[PDB]
Amino acid sequence: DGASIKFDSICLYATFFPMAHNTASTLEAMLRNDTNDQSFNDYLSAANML
Amino acid sequence: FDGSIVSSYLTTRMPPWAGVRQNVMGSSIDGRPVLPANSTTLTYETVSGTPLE
């Protein structure tokens, strides 16, 4: 019943940290390791059958 | 007559943006209608709009 929507320019908004040039490369190499990598999942990561 | 003068009181520094010296809209930045340089309406985002794509 008669309604519309239209949009154009969408931007990214990173609010990370004002970090060092010194520690950044040092902190990068630890996560760049083959041994330690970012693990992520859900509390409910279950599949459903409808 | 007043206490003010030709070679007058010095001001401590000079004020950084354009608007410390005006109170005029008719001459504004690429607009027909513009909200005044001192008014109450200027303190809040009066979003100008029309349908885009």
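Throughout, residue numbers begin from 1 within each chain and advance along the sequence as written. They need not agree with those in the entry, and any residue without coordinates is left out. Each chain gets a letter, beginning with A, and each ligand a number, beginning with 1, in the order they are written. These chains belong to a larger assembly; the numbers reported describe only the chains shown. Each side-chain value is derived from all of the structure's non-hydrogen atoms; neither hydrogens nor water enter the calculation.

Its PDB header names X-ray crystallography as the technique used to obtain the model and reports a resolution of 3.8 Å.

This deposition appears in the PDB under the title "Revised crystal structure of human adenovirus".

A. Quick peek at the overall build of chain B. Here a strand is any run of E in DSSP of at least two residues, a helix any run of H or I of at least four, and the numbering for each starts at the N terminus. What chain B contains, in helices and strands, is zero helices and zero strands. Computed over the C-alpha atoms, the radius of gyration of chain B is 17 Å, more than 25% above the 10 Å expected from 2.2 N^0.38 for a compact globule of 53 residues. Burial status follows relative accessibility: with a 1.4 Å probe on protein chains alone, a residue under 20% of its type maximum counts as buried, one over 50% as exposed, and anything between as partly exposed. The proportion of buried residues among the 53 residues of chain B is 2%. The atom set for the radius of gyration is the C-alpha atoms, and the globule formula is 2.2 Å times the number of residues raised to the power 0.38.

B. Expanded view of the layout of surface pockets. Residues and elements named next belong to chain B. Points on a 1 Å grid over protein atoms alone make up a cavity when a 1.4 Å probe fits among them but cannot get out, and a pocket when they form an open set with protein on both sides within 12 Å along at least five of seven lines; lining residues each have an atom within 4 Å of a point. Grid points are joined across faces, edges and corners, and a volume is the space filled by probe spheres set on the points. Put simply, the largest pocket is a space of about 530 Å³. For the largest pocket, the lining is made up of 16 residues, of which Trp17, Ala18, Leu35, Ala37 and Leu42 are closest to its centre. Note that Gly is not counted as nonpolar here; it falls among the polar residues with everything else outside the nonpolar set of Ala, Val, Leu, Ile, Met, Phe, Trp, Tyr, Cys and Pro and the charged set of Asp, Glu, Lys and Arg. Split by residue class, the lining of the largest pocket holds 11 nonpolar, five polar and no charged.

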